Amino acid sequence: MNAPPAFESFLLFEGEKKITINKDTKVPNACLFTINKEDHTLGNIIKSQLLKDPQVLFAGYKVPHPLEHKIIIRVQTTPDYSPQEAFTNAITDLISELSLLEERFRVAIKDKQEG
Amino acid sequence: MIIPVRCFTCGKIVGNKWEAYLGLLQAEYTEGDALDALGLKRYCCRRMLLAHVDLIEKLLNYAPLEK
Amino acid sequence: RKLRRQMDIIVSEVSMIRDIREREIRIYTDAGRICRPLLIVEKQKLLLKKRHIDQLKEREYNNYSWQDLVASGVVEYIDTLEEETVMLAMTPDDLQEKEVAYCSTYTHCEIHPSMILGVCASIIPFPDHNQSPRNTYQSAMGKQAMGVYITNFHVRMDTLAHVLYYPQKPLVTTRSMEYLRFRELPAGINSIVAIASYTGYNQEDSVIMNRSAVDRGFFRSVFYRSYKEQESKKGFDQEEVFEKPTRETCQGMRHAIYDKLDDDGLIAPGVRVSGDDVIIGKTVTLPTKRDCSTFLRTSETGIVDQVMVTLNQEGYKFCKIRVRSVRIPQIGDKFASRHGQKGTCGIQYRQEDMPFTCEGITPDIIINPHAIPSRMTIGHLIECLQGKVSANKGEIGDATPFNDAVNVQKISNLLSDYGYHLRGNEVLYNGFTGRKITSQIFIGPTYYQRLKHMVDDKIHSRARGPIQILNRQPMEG
Amino acid sequence: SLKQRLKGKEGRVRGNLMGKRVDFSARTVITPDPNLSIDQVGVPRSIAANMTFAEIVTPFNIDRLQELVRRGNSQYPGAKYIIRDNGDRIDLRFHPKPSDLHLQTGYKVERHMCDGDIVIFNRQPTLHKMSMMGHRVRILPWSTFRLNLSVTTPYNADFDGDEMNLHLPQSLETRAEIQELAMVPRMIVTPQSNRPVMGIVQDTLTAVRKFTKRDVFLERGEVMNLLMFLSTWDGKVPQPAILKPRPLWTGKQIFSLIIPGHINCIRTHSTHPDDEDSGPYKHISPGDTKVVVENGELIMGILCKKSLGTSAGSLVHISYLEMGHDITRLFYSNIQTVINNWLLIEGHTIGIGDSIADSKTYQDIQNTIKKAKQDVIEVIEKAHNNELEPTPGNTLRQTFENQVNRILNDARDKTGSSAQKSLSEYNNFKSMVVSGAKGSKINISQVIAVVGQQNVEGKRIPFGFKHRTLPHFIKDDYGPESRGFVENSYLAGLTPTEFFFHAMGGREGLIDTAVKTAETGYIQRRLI
Amino acid sequence: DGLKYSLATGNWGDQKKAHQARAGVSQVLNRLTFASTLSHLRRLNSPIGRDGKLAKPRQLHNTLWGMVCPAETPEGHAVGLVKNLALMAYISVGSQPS
Amino acid sequence: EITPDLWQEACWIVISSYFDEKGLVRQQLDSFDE
Amino acid sequence: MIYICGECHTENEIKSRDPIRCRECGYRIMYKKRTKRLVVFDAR
Amino acid sequence: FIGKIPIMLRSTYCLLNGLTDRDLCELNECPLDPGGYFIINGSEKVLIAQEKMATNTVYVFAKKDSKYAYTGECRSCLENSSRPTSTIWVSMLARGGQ
Amino acid sequence: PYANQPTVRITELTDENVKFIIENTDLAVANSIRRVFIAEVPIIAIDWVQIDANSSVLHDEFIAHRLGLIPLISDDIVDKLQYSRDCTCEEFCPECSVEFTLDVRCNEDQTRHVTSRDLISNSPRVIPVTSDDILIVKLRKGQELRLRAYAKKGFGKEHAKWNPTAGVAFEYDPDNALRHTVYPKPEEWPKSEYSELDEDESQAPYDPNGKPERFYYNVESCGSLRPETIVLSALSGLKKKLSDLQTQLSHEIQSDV
RNA sequence: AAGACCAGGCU
Ligand SMILES: [Mg+2]
Ligand SMILES: [Zn+2]
Ligand SMILES: [Zn+2]
Ligand SMILES: [Zn+2]
């Protein structure tokens, strides 16, 4: 009787912003990203890509509660670089890697099928 | 009641293998050989056919309560 | 004793006792004496021989049975106070054969030591590897395990009937379950159980469940509620009638919807019925009319399954209605193994978040390892290993209590032949990050039972409701 | 009669004046939630929808109360009733009544219970005043009450079909009382024994020990995750213990960030020997087995039940006494969250290989059992030939039983010690017993080596039949096997007679548990 | 009506003398599971009052071997007072000593 | 003549014969019939 | 009203105040056909 | 006609006695159902075996506070015909009398 | 400072199964790919069911539950179909649903097995996969089952019936060189089918400089989608999710700026 | 309505 519907895992309603950006006052050049209606699939990807950036000092994510569908990402970068720029660059690099992987997987499928 | 459509653990379809399993077991395959013949490799799909109880046959003995 | 064994003029139910020291001989033909069968031992040899076993193995189409076995003087019924004069041997092959002798005057031998257990305790695999309080807990909890209680349940009109979608016979079985007919009406499901501390939601006695498995029909069930209602004539002109009331004609009227009733004031089967819905419209002519219609139990949210109209003892119209609802297992619901390990469902994770083996197998149930060390239910672990062996072998394991032909080393040696670590451990990968788990987690199939107790039947809240008549205090219940 | 109306329990005085049924109360099953704070409780929406709190309209909250009244009883957060200055009650649940939805200062709006509300939470056997503590409401899906696991030991609750009661105070004054008096962080230390009541329990304690060992080296991403799960973290990454080959942090180095303020404490691990304090290496313990926390930093040592548990002078107790209730709450929550999330990496389990011992250990155990049985046979033979001399103040039967019990207890203790010595460092039974999370050295001994003697009414198994215990034994048999000594272990399995004797042994415990409760409760009531 | 009432209500005796009549006999058959039905059909009850704090009649006696299940009893005030029958146990029906 | 350590088959055969003849509720039925 | 019989499965035409005995066979048990109005299920 | 006696299901006087699987299925009766219960007003009622002390046998016990050091008794019944449940006691008065 | 350059080898490719190896990529990449294999791949499954007559011994939602678990050939039109929540119409149409009809009656004496072959669809591309046959229900003589069913588009997050896959095997570092797992006794553990070491040695020597680097895969299809196209759809879906975050995150940066 | 008995659950 209290079961939530099947779609709160994957779907926004009126008023929910997919991403919310809040600055962190504890440490300079630190930001906090809130991603609504996402899970580990995307947070782990983004954190792993961000840890490769030499100008990123901190990168981590968590699910505040498993029964809720929400991701929080904290990014701290060096002084002459914005964590927003770090986030955009990580996303672009991930997309670029995935496109190349897709093309090479298609080439491998075609080579496997016609011998 | 009746064989489940999917294995609960992995999701392989075992709903179309009950009759073939029964036929092989009647044709003198043992349970282990029959499961291998049907193509059920890992223990999660094997337990489905190995531990199934077909009560739907018992339920079909009773006359329907309508025409 | 010769005449009793020949059944000549002394019935086998008569017990005879000689107390040598007090010089008394007592014979009881009285009713109510409890007794059990035993094999007769003459000298050091059983009277049961290979021809008896051959005839009993050819029992079909030979009209040779346990009564013919009794009539041959092979087995004997012995009650409690005759056992005082009996020298019993636990097994023939062990205690009859010559050793550095304890005794040589054995007079009887047990059929099998596992016959000392009851009906509910005979379903426990490896009961001699568990603690006795846990065996008692399992004996009590087995009566609450849900399943198919009787095959003709679709005919029966019973209140509070629970039936399970996909019962399975246990992969690890006791030799005595065949005589309890547990194969024909199973009360549980074999499930892949991993004993690990995953996310802290299975701590204490809780369980993590696989939501993807639950979506495939895992431990899904149906609950049937039956409703009785009676037409009667009590007053001279005061009578009860099944009819569909009009909106403001009767005195009693609730804002509930009467639109679902038929011409005779009975909901037809197949109609979805929720809270406050009127299943039976019964009006009592007020000497205009009083509404004694019956409602559903609050939030039952079911569907009318069967409607029956008859005549009772007196001859008035009588009606039974059966409502069903499906209940999919939730967080608050109670689950238990065959070893006394009971627990609610702490949380449900989809298949993506569950830990997985190299083969893609994910556990259906995850239980905390902390339930094992203090409760000392080793039979659970041995069952888990034996079921893993059996699912690969294609056979059904034998867990009869006191058999020396099964031990943990032999089960491990058998399991090692199928490409698995011989103690049941297996390398698991984290579901969230994909990294390996440093420890190797004990996994395997174990028989689990869903219990009658569910959170939907226990949750309750109150704010300024009904008031007791005499104390002007809140109601009970 | 009237005497019967007033006299007994459920009579007027005791059943309707000293205790009575109340409104605004809820009951349901409790399930764990390690993501809640120690003062928070998870509440289902249906219960929170039914339960209401009357709130007075002021110029500060009039807009919010009007929004709640517009939402009404259909949508989850709104009002159920509106109460006028004259006491007339307006119901919003049946009809929209748009003329009556007007609000002014002085009205009372009965809103639905929201996040942040204060509730008393209770478990029924109700033995001391920590059985009822005030919690802070957090609203969660599904239909079970959820609470932190350190709070389980105050209530004596486990998550096995257990239900707990929820009381919601209905006035601001009583809300203030519960907040200021009975909140969970204010009840950490009991006045009964001046000890902390809540402690680190279950997965978290074993993970504490395994995390705080010397061998734990944490990589950069793992450190960032664990710091992401810290609520009191200042945001500065500490310099790793190891720098150049690769940057490597240590478990103690991250545990020092969990430890609040500047706390000074010295404890000892469970496996601490007494030899280290005498000779050298007093301050450089080779086994890592002394605990030193200086200036709020863990310098050396392995934590266990003796450091994070509920005992006098524990780290949690010292933290409470130095820092107060508000900081100790965050200390419990941070320990829980960060160490569960680290245990996600290493994992913990139990299995058959944890209960199987070495082949040489099995031979040693069998030799010890055979020697003990031969000694009991020799003692029986000494009594049979009347060579046994009776001990002062004791009967011949009493001294015979004392000697046999001494022999069997020595045998069981020696076998248990051998089994405990045979355990490896990776054994999960040892990992659970040493940390004090659950289980014990006698449980390990009974699992691996020998279940031991079975006793009924504090005596060895009696003669229910004429001069014997079972029809399988001969009359006048005082040997260990006949009188209930279980030679086998749980792993090996019990013989039929030993199984029956163990059932007899457990029946006594069940009976005692069922019987003692009435007398204990009657004593408690009379004392109160 | 005497047979019908004493089998329906469970009070074993005259309805007017119900105070002296023994109660608890003839419960409603348990249909939750087949094992539950079998255990209910094979069950024994000690007439000793449930309120008695005396432990002695509740303990597992040696003479229950092979006759009464050692594992199966309810938990609560009726520990050891409600006993189930062993699988091979048979209760004598009685005969005349002529 | 003697069963030579075929005993596990033999004892369960005789148990099967017993339960095939009597069943589980004979104490109810025998008592009522008598 | 249309009532299926409990032993012989013949439907009866019947009305209020008619005592229940089946026209074909005299049996006293009747069942009400599942209604005509439709109910929607999710296949979850 | 003097009355109606309820019938235990599947007994020698039940209508299900000696029927086969096909007959039981035609009767909408489960073959696996053991019987051994009654049907009273539509409900299923099961008589629970009642334990009791044996009759016609001499027993000797010792009470703590009683005037008697030893108390022998014999709960006697006339073959369960005309049964009065008559009990004689034969007791030995305690020597501790001052 | 930059993206991977991964490579793919494919070893086995059948109608049921795809074994492929992904080299030179992150562990998080591989885990998210195998996770998207289960939960983010769209497929067609029966979701709305209306039953007209059901005189079988299984109840209405029992039969409806079985119907939803029957796989449907999703190979072609799952890219063409809309989600129902995105469709422009008020009620079921060919751009957002597929209609199925079942009508079986048992007139003959011998028992009839109602199988997935008895399901009839309005369009030829989306037959049930099994066309042995998946058994829905058995009918005695005189029993009847008539119903209508509409199939929609969803993915594994919603319900396990929308899982396109029959278990994904995933493995990396078959010889335990990174020591991500610690064997108390290495000699007791069977070797992986991808192990590259001799019969005599148990584990590879410890590699302090290594990082997880080859991911071994084995995607087994349930029949709705070919195992070759399951991976492509998963990759495209993950890329689309990342592109949707890039898009909406660019707007949130512009809102702060 | 109310009263009675019984069964089960958590300590
Ligand atoms: Mg509990
Ligand atoms: Zn499977
Ligand atoms: Zn008819
Ligand atoms: Zn459309």
Side-chain angles (χ1 to χ4, degrees), chain C residues 120 133 136-137 139-146 159-160 162 204-205 292 332-334 336 340 342-344 451-455 457-458 460 466-471 475-477, chain D residues 4-5 10 27-31 122-128 131 144-145 152-165 509-510 512-518 520-521 524, chain E residues 5-13 15 18-19 21-33 36-37 39-41 43 45 47 49-50 72-79 81-82 84, chain H residues 43-48 50:
Chain C
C120 286
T136 299
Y137 295 150
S139 296
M141 284 193 291
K143 301 164 187 172
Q144 302 175 157
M146 283 179 31
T159 60
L160 280 35
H162 294 104
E204 292 298 327
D205 294 281
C292 290
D333 299 338
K334 193 162 181 282
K342 58 183 173 184
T344 59
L451 299 184
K452 174 180 70 180
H453 313 288
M454 290 156 222
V455 63
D457 293 342
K458 291 180 174 180
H460 174 57
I467 276 291
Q468 189 166 351
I469 176 55
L470 187 136
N471 288 331
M475 283 288 190
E476 171 172 19
Chain D
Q4 286 181 333
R5 286 191 178 206
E10 294 178 351
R27 185 173 171 106
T28 187
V29 179
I30 54 169
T31 53
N122 173 27
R123 185 169 164 281
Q124 279 306 125
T126 311
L127 299 174
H128 52 292
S131 295
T144 56
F145 286 153
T152 50
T153 48
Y155 293 114
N156 207 1
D158 54 351
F159 304 106
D160 71 348
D162 276 4
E163 303 90 355
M164 283 186 66
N165 294 15
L510 263 66
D512 289 345
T513 297
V515 166
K516 71 184 175 185
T517 52
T520 56
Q524 173 75 267
Chain E
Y5 169 86
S6 53
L7 287 176
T9 60
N11 297 334
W12 211 259
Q15 60 184 21
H19 291 291
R22 184 174 63 254
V25 193
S26 72
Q27 292 116 9
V28 180
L29 176 57
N30 216 22
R31 285 289 187 185
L32 194 284
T33 314
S36 174
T37 302
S39 67
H40 204 189
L41 287 159
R43 185 171 292 177
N45 184 345
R50 299 301 184 261
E72 186 179 1
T73 54
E75 298 159 61
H77 49 288
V79 284
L81 295 173
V82 173
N84 283 93
Chain H
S43 62
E44 296 170 348
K45 298 284 159 74
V46 51
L47 295 178
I48 302 299
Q50 295 298 322

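Residue numbering restarts at 1 for every chain, and letters A, B, ... go by the order of the sequence lines. These values consider heavy atoms only, across backbone and side chains, with no hydrogens, waters or symmetry-generated copies.
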Query raised in the report: What are the 5'-most and 3'-most nucleotides of RNA chain J lying under 4.0 Å from any heavy atom of chain C?
Result: J/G8 to J/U11
Query raised in the report: Using a cut-off of 4.0 Å on non-hydrogen atoms, how would the nucleic acid contact of E/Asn11 be classed: base, sugar-phosphate, or nothing?
Result: nothing
Query raised in the report: NA contact type, E/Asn30, heavy-atom cut-off 4.0 Å: base, sugar-phosphate, or nothing?
Result: nothing
Requested in this report: Could I get the full list of side-chain contact (heavy atoms from CB on, under 4.5 Å) partners for H/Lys45, not counting sequence neighbours?
Outcome: E/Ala8, E/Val28, H/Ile40, H/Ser43
Query raised in the report: Contact class for D/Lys516 (heavy atom, under 4.0 Å): base, sugar-phosphate, or nothing?
Result: nothing
Report task. Drop me the distance from D/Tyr155's OH to D/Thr126's OG1, to the nearest 0.5 angstrom. Result -> 10.0 Å
Query - All ring-ring contact (aromatic ring centres under 6.0 Å, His included) counterparts of D/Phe145, not counting sequence neighbours - result: D/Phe121
Query - Residues E/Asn30, E/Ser36; criterion side-chain hydrogen bond (donor to acceptor under 3.5 Å, both in side chains); working and verdict - result: CA-CA 6 Å; E/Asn30 216 22; E/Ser36 174; 2.6 Å; yes
Report summary line: Result for 5'-nearest mapping on RNA chain J, choosing between D/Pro125 and C/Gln144, is C/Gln144
Report task. With heavy atoms under 4.0 Å as the rule, sort C/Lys342 into base, sugar-phosphate or nothing. Result -> sugar-phosphate
Query raised in the report: Is atom CZ of E/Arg50 surrounded by more than 12 heavy atoms (other residues, nucleotides or ligands) closer than 6.0 Å?
Result: yes
Query raised in the report: If you measure from CD on C/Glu476 to CD on C/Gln468, what distance do you get to the nearest 0.5 Å?
Result: 8.0 Å
Query raised in the report: Reckon E/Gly10 touches a base, only the sugar-phosphate, or nothing at all at heavy-atom distances under 4.0 Å?
Result: nothing
Query raised in the report: Checking all strands, does C/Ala140 fall into the base, sugar-phosphate, or nothing category for heavy-atom contacts under 4.0 angstrom?
Result: sugar-phosphate
